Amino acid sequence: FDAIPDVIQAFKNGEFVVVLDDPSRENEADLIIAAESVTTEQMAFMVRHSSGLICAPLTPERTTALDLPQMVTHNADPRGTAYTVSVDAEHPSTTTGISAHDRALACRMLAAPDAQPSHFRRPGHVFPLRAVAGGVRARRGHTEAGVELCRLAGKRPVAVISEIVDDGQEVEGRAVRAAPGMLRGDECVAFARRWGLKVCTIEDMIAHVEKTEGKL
């Protein structure tokens, strides 16, 4: 794995980073990138290699400022994933909300310093996620990891995350993929190397934060 300081630097430069949660939790790696300047072409790559459920981790302060209510009052997800209502960008260039261009625009708009509630249409195609106030030491998830990276890198408090899947193999001429799944551990590291990205674990991110904040 790469050292957390090197991951922070890459994130500060607007790159995706590959972040693995604990094997006893989801045992999954997500692509994580700062939302502020995510590009159309970057988003296309994210959609291509991920589940395609593009989420935008953000702070509680952002959910209140931008008026993004939680999707459910009785959250039945085992991990308590804090989805807000979905959004599209209210902007003249948006069309149907789903393209890489439109989803990237929604992410950039959620992160803009001048963002306001009226800048977003609800519901839509991008899924903001409310990180817990305590950060990665309080909840060891990709949502907290994204917001933590934004803080550590001095970026706007909005990230973009999605899970890296194993799309399996093409079956010539047939609408199926063979042996699909989720990318795990060593495979995630190889994925990072293939694409020139830094890769780390939430466990190491927590250890980094603890150097300054101590153990929660």
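Residues carry their position along the shown sequence, with the first being 1.
Engineer: Comparing average C-alpha B factors as deposited, tell me which of 166-174 and 35-43 sits higher.
Structural biologist: Taking the mean B-factor of the alpha carbons in each, 166-174 is higher.
Engineer: For the stretches 134-142 and 101-109, which has the higher mean C-alpha B-factor as given in the deposited record?
Structural biologist: So the stretch with the higher mean C-alpha B-factor is 134-142.
Engineer: In terms of CA temperature factor as recorded, identify the highest of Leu149, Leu66, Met182, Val160.
Structural biologist: In this record, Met182 carries the highest C-alpha B-factor of the candidates.
Engineer: Rank-wise, by C-alpha B-factor, drop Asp22 into the lowest, middle or highest third of its chain.
Structural biologist: Ranked within chain, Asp22 CA B lands in the highest tercile.
Engineer: Lowest, middle or highest third: which one holds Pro128 when the chain's residues are ordered by CA B-factor from the entry?
Structural biologist: Tercile = lowest for this residue's CA B-factor.
Engineer: According to the PDB entry, is the CA B factor of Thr73 in the bottom, middle or top third of its chain, that is, lowest, middle or highest?
Structural biologist: Its C-alpha B-factor belongs to the highest third of this chain's values.
Engineer: Would you check the entry's CA temperature factor for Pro60 and let me know if it's in the chain's lowest, middle or highest third?
Structural biologist: For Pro60, the deposited C-alpha B-factor lands in the highest third.
Engineer: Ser86's Cα B-factor: lowest, middle or highest third of the chain?
Structural biologist: For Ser86, the deposited C-alpha B-factor lands in the lowest third.
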